[PDB]
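The chain below stands alone and is given in structure tokens; this is the form deposited without (benzyloxy)acetic acid.
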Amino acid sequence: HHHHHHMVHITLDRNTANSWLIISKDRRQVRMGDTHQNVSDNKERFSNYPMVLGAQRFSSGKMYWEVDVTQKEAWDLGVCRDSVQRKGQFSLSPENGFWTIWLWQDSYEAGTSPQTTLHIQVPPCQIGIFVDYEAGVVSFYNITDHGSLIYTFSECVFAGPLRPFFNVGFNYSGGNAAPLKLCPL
């Protein structure tokens, strides 16, 4: 791909984070803590899952960023509407305002309803995310495999401002403690 020149500097929004997440001083890394991180509750925080939003809001244009997923067993990445549900149980789907892919139990899937199997020969250590607001496209790229395409959501109906979306996943196994990191431009 040739999307690198639309690179944007994403930072994480602490106020949206699940109360167990630990966000680095530079707001570029996030990991699951082993306990509540001693913050007050608020209506923005994701309650049920280890999720957090980027601070940036996009309503036009082309945007690109990269995320490091090295040695994680489980995670979700993509974009979502600014007005997605924060509290209780929900599925990641375009109907609910999410355009995402994930790793879970050694398989990669796109967050359609129902979910779509992804075909990845080279397990990615870094994922590139491209959004074309006007075209209604969200695309995912395998940076470890020379930028190969993972998945394209097309005919997207965003229906609002978009925010970068992250889930570091649970760590029931003891093998999923590693952080998500926003990679430098």
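Numbering starts at 1 and runs along the sequence shown.
Keep in mind that the form solved in complex with (benzyloxy)acetic acid is not shown, yet the notes after this line are about it.
Asker: Looking at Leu53, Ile150, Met63, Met32, which is the one with a non-hydrogen atom within 4.5 Å of (benzyloxy)acetic acid in the deposited bound form?
Answerer: Spelling it out, the residue with a heavy atom inside the cut-off is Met32.
Asker: Given that (benzyloxy)acetic acid is not shown alongside this chain, does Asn48 nevertheless sit within 4.5 Å of it in the deposited bound form, heavy atom to heavy atom?
Answerer: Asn48: contacts (benzyloxy)acetic acid in the deposited bound form.
Asker: Taking any heavy atom pair closer than or equal to 4.5 Å as contact, tell me whether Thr16 reaches (benzyloxy)acetic acid in the deposited bound form.
Answerer: Contact check for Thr16: no, nothing within 4.5 Å of (benzyloxy)acetic acid in the deposited bound form.
Asker: Sequence order please: the residues of 157-185 with a heavy atom within 4.5 Å of (benzyloxy)acetic acid in the deposited bound form.
Answerer: Residues within 4.5 Å: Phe170, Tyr172.
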